[PDB]
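Shown here is one chain on its own, the form deposited without indole, set out as structure tokens.
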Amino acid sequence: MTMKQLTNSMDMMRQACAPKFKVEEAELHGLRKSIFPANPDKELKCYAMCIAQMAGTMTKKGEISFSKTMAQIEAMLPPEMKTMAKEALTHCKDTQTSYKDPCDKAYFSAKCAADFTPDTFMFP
């Protein structure tokens, strides 16, 4: 329901994903603050895919699901974030088509949303 609760849930996705990858707290918290590097290394991008998968927004094929993302937005996000998240999804749903690598699809879709609505966006 709340922002505080969302943060906790995001921390639980981070802790489940970050160990798998060669990634440090400094980088991860940058993502949480809407700071998405343009040229990250493969580990940061694949971390972002791990998050998306965990959040239930990615398909087995490694694509970002519009319907699943909408459902998660509506089910989970606080009102502070909800409407801007829907707009960011409209704005960014095609970002993935430019990328074969699912890690790229997930990372650059998330960067798209961060750069579009930095006031509201948080990343786990």
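We number the residues from 1 along the sequence you see.
> Per the record, averaged over C-alpha atoms, which has the higher B-factor: 18-26 or 99-107?
Between 18-26 and 99-107, it is 18-26 that shows the higher mean C-alpha B-factor.
> If you average the CA temperature factors as listed in the entry, which stretch comes out higher, 112-120 or 5-13?
Here the higher of the two C-alpha B-factor means belongs to 112-120.
> Using only the C-alpha B-factors in the record, can you name which of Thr69, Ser34, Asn39, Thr83 has the highest?
Highest C-alpha B-factor among the listed residues goes to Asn39.
> Highest Cα temperature factor in the entry, among the options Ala55, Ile73, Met49, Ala88: which one is it?
In this record, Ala55 carries the highest C-alpha B-factor of the candidates.
> For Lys45, does the deposited CA B-factor place it in the lowest, middle or highest third of the chain?
Within its chain, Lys45 is a lowest-third residue by C-alpha B-factor, going by the deposited values.
There is another form of the same protein, the form deposited with indole bound; it is not shown, and what comes next is about it.
> For the unliganded chain shown, is the site open or blocked after superimposing indole from its bound pose in the deposited complex, using a cut-off of 2.4 Å to backbone and C-beta atoms and a threshold of 3 ligand atoms?
This form leaves the site open.
> So, in the deposited complex, is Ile64 in contact with indole at a 4.5 angstroms heavy atom limit?
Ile64: yes, in contact with indole in the deposited complex.
> Is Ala88 one of the residues lying within 4.5 Å of indole in the deposited complex, judged by heavy atom distances?
Outside the cut-off, so no.
> So in the deposited complex, does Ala52 come within 4.5 Å of indole, heavy atom to heavy atom?
Heavy-atom contact with indole at 4.5 Å: present for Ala52.
> Can you tell me if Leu31 lies within 4.5 angstroms of indole in the deposited complex, counting non-hydrogen atoms only?
No, no contact at 4.5 Å.
> Can you name the residues of 89-113 that have a heavy atom within 4.5 Å of indole in the deposited complex?
The stretch touches the partner through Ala106, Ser109, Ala110.
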